[PDB]
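Proteins get letters first, then strands, A, B, ... in listed order; numbering begins at 1 in each.
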Amino acid sequence: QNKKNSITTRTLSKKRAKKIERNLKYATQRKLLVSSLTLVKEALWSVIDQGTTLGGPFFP
Amino acid sequence: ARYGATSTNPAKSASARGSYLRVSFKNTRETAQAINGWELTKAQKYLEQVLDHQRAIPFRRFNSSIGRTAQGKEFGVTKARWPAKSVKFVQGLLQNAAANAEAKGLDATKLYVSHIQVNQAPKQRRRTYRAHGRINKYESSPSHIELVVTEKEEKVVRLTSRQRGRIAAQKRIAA
Amino acid sequence: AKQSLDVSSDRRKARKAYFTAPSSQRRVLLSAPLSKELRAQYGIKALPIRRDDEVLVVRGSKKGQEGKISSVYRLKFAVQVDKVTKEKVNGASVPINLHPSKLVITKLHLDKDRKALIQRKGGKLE
Amino acid sequence: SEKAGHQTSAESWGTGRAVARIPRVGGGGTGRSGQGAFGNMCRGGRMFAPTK
Amino acid sequence: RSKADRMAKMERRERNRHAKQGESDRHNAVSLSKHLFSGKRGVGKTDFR
RNA sequence: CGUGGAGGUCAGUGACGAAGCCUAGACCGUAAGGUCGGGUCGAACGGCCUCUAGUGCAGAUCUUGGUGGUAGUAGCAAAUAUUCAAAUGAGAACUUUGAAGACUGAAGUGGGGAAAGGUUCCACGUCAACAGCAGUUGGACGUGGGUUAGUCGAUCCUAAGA
RNA sequence: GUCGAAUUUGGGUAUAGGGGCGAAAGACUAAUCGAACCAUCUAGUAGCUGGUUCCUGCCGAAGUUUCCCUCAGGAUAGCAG
RNA sequence: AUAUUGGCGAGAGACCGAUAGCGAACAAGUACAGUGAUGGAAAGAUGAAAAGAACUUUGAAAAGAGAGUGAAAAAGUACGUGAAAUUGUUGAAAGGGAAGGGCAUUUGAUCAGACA
Ligand SMILES: [Mg+2]
Ligand SMILES: [Mg+2]
Ligand SMILES: [Mg+2]
Ligand SMILES: [Mg+2]
Ligand SMILES: [Mg+2]
Ligand SMILES: [Mg+2]
Ligand SMILES: [Mg+2]
Ligand SMILES: [Mg+2]
Ligand SMILES: [Mg+2]
Ligand SMILES: [Mg+2]
Ligand SMILES: [Mg+2]
Ligand SMILES: [Mg+2]
Ligand SMILES: [Mg+2]
Ligand SMILES: [Mg+2]
Ligand SMILES: [Mg+2]
Ligand SMILES: [Mg+2]
Ligand SMILES: [Mg+2]
Ligand SMILES: [Mg+2]
Ligand SMILES: [Mg+2]
């Protein structure tokens, strides 16, 4: 019903839903055969990877 | 998570719960039953009147040797009470449910209490000393309360050959 | 099958020994094999892992990642490699506890004692 | 162990005491006091016909 | 600090349910009291009034 | 017929889900029982030939643990007594100050000690549990501060005694 | 009821269980006294009470006889395989 | 050459598997009781990894609702599985001083087999 897309006591757990998805992929294979922190850190890693004279010989 | 009952199409529902609440299980069961099925704002105004002692909560199951009142007549009973602690806990959960529905964007004028459930929490075990050096239990009976509000919205027959022949004859007779 | 009368096959005793082993025994317990190139270069198969050597992860979800050993947490039978972490949105970084038998040493941290260990295990460095 | 279930100080409370006549642990101040003892039907008691 | 405080609060819950006055309240009730369950009262002096 | 464990075998079952548990579903046995489907669950377990036993429960005022009805019931009525405003606070019959009304009535509901207790004293913070209503208060919870002797006692003396 | 003494009372001290102490009640001796409390021998002793855990098939009784003087407890005959 | 339920060091089992097995698998001869001699418990299991739930929002707060972590939160420090007694909600039904059970059938609900 959820794939097709009141008060009830019929709910489907995510554990069972993931198992149904996995088993359906098994059946399909048989039928055929028959992060901002990460980006900031990498950006920082990529980034880091006559003259002049003032005063003179006298005591101010 | 894991309510006693859920809403199909949860996009039009909001829920609230409170666990291990140190309030009388029996009084709260009667309060939640007085609320069950109502429109939300109507329930809130009713509970305010109950605290004001203008209307009353009917006591239907846990009511042995309760007094009688004239405010029970609206619900067709004689035994009704005004449990303040229960009403305040239930009002807190109702306000939370309304807040959740507003955060979801539900229409507050169409919300009604589609589910409300009171279960027994684990007991609070005090003891009392009694005559002849006895220890007796002296316990609190707390509640788990949960509730869901919801927006209110608005042939093959097999005939025998005899039956088929009768129908065909009827059609031939008729126009 | 064991032949010595001084060795025990008792599971309860073996597990108690593992879980109450002190730090010096845990060093030996936390050994890691060498890579193919290092194995050919030094002529030895495995060494007790230490703090400054470079490893390759060869098992688990972090397989194929490389880095330098950050710490050898003997109290929890694990090692932590500086580049192998788990990150949260609030900026938190938690090191992954890796077992050294699921690692491979790619660069050894050599000192006098480590060279002596290799040579007494039969190594042929340089 | 041939001492299993017997290292206990317990005695029956007698007949007509509105409780079963199994021997019960004496003393006070702990949950063990008053509990049934020694019997193969009692928690912490001696098994019937202990293995030898 | 906040994590350890939350840990201590979560630990407290069963003793609070048993209504202990604190960590130090370890009063133990006996299972049965002999003075309450050793009655066979003749015609004469009793153990209470 | 069923159960814990043992020898042999089915190169037996199992992460495409072992065992356990729930089940308005299915079948086989006169029956003990066995078998299959669905749900839940997560790591092991069965058929057969045999070996072995701490091997099958409704009772024992049985044992240990858990839970009902009674029931929001009995009751929370000794010791003459409370009331007003402000403050604090999410919240005040019960905290604090003030305003009042009373009481103990010096053989005290006052001021100190002995035995016993051992920090309960006092300040700051502070309310989950406890204070059979309540609580912002506490002899509660958390962290500290505090007991100064040549002259007060012990210490010395002997008593019944040991 | 008694209330200035055969008075009331703190503390120290003495007497310990087949013992003590008793203006004598078998009182009292730590809610324990016709026998204190604690551990052990000890799972002490049964004329008696209670209980004693799966299925089905087939077979299936016993108060009627002698005795140890008689009660008690046993022996013997019968009946069921 | 014999003994050895104490001490020290080892190897094992057709043993028990948290009401079992030592009283004690755990800060157990502990906590607690008693003037004393003595008496004497209960109590093991999140996850591979604390990644033990940031952030927003309602609330005085505990908390809730979103969000997120994780294979899983039908694992949330009440934490593996999660039975029964007992309880709540929902749905269906029955009820003129008990209920339960047997034979048989009506009604309603629900269901398997056999379909060449
Ligand atoms: Mg009444
Ligand atoms: Mg008393
Ligand atoms: Mg035992
Ligand atoms: Mg399964
Ligand atoms: Mg048995
Ligand atoms: Mg039973
Ligand atoms: Mg029976
Ligand atoms: Mg009984
Ligand atoms: Mg019981
Ligand atoms: Mg009343
Ligand atoms: Mg009064
Ligand atoms: Mg006066
Ligand atoms: Mg007066
Ligand atoms: Mg004070
Ligand atoms: Mg109170
Ligand atoms: Mg304090
Ligand atoms: Mg045990
Ligand atoms: Mg669970
Ligand atoms: Mg049930």
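Contacts classified as side-chain hydrogen bond (donor to acceptor under 3.5 Å, both in side chains) and involving residues 8-19 of chain A (residues at least two apart or in different chains) are given here: A/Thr8-A/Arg10, A/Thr11-B/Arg2. Under the side-chain hydrogen bond (donor to acceptor under 3.5 Å, both in side chains) criterion, the residue pairs touching residues 69-96 of chain B are B/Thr28-B/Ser86, B/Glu48-B/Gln91, B/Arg55-B/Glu74, B/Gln71-B/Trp82, B/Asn96-B/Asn100, with sequence neighbours excluded.
The 5' end of RNA chain F is approached more closely, in terms of each residue's nearest nucleotide, by E/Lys20 than by the other of E/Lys20 and E/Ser24.
At the heavy-atom level, C/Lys102 lies nowhere under 4.0 Å from the strands shown. D/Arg43 comes within 4.0 angstrom of a nucleotide base, judged by non-hydrogen atoms across all strands. Counting any heavy atom pair closer than 4.0 Å across all strands shown, B/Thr128 reaches a base atom. Using a 4.0 Å heavy-atom cutoff across all strands shown, B/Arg81 reaches sugar-phosphate atoms only and no base atom. Residue-level contact check: D/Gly29 touches the bases, meaning some heavy atom is under 4.0 Å from a base atom. The residue B/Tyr129 sits apart from the nucleic acid: no heavy atom pair falls under 4.0 Å. At the heavy-atom level, B/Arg130 lies under 4.0 Å from base atoms of the strands shown. Using a 4.0 Å heavy-atom cutoff across all strands shown, A/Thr8 reaches no nucleic acid atom at all. At the heavy-atom level, D/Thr8 lies under 4.0 Å from the strands shown only through sugar-phosphate atoms. Using a 4.0 Å heavy-atom cutoff across all strands shown, C/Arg12 reaches no nucleic acid atom at all. The residue B/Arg125 sits close only to the backbone: its heavy atoms come under 4.0 Å of sugar-phosphate atoms, none of a base. Here A/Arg22 lies in heavy-atom contact (under 4.0 Å) with a base. Base contact: B/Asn119 has a heavy atom under 4.0 Å from a base atom. If you check every strand for non-hydrogen atoms under 4.0 Å, D/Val19 touches a base.
H/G17 takes the anti form, because its glycosidic angle lies more than 90° either side of 0. For G/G60, the base is anti relative to its sugar; the glycosidic angle deviates from 0 by more than 90°.
Nucleotide H/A67 holds its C1' atom 12 Å from the NZ atom of B/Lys104, rounded to whole Å. Distance CD (B/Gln95) to P (H/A65): 15 Å, rounded to an integer number of Å. For D/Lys52 and H/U5, the NZ to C1' distance is 15 Å, given to the nearest whole Å. Spacing between atom OH of B/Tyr20 and atom P of F/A128 amounts to 18 Å, rounded to whole angstrom units. To the nearest angstrom, P of F/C133 lies 5 Å from OH of B/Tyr138.
Between F/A53 and F/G66, the two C1' atoms lie 32 Å apart (nearest whole Å). Between H/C26 and G/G50, the two P atoms lie 47 Å apart (nearest whole Å).
Using the rule of two distances under 3.5 Å, F/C130 and F/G138 count as a Watson-Crick or G-U wobble pair. F/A26 and F/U35 make a Watson-Crick or G-U wobble pair, with both donor-acceptor distances under 3.5 Å. Pairing status of H/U38 against H/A33: a Watson-Crick or G-U wobble pair, both distances under 3.5 Å. Taken as a pair, G/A43 and G/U15 do not qualify under the rule of Watson-Crick (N1-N3 plus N6-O4 or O6-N4) or G-U wobble (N1-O2 and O6-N3), both under 3.5 Å. With the cut-off at 3.5 Å for both distances, F/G98 forms a Watson-Crick or G-U wobble pair with F/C84.
For the pair B/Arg17 (side chain) and B/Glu146 (backbone), a donor-acceptor distance under 3.5 Å is absent.
In the interface, the side chain of A/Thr11 is paired with the base of H/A74 through a donor and an acceptor atom under 3.5 Å apart.
Aromatic ring centres of B/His144 and B/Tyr20 lie closer together than 6.0 Å. Annotation: D/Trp13 is not in aromatic contact with E/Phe37 [ring centroid separation under 6.0 Å not met].
The side chain of C/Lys88 places no N or O atom within less than 4.0 Å of a non-bridging phosphate oxygen (OP1 or OP2) of H/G68.
Because its NZ or CZ atom is both nearer than 6.0 Å to the ring centre of C/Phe77 and within 45° of the ring axis, C/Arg26 counts as a cation-pi partner of that residue.
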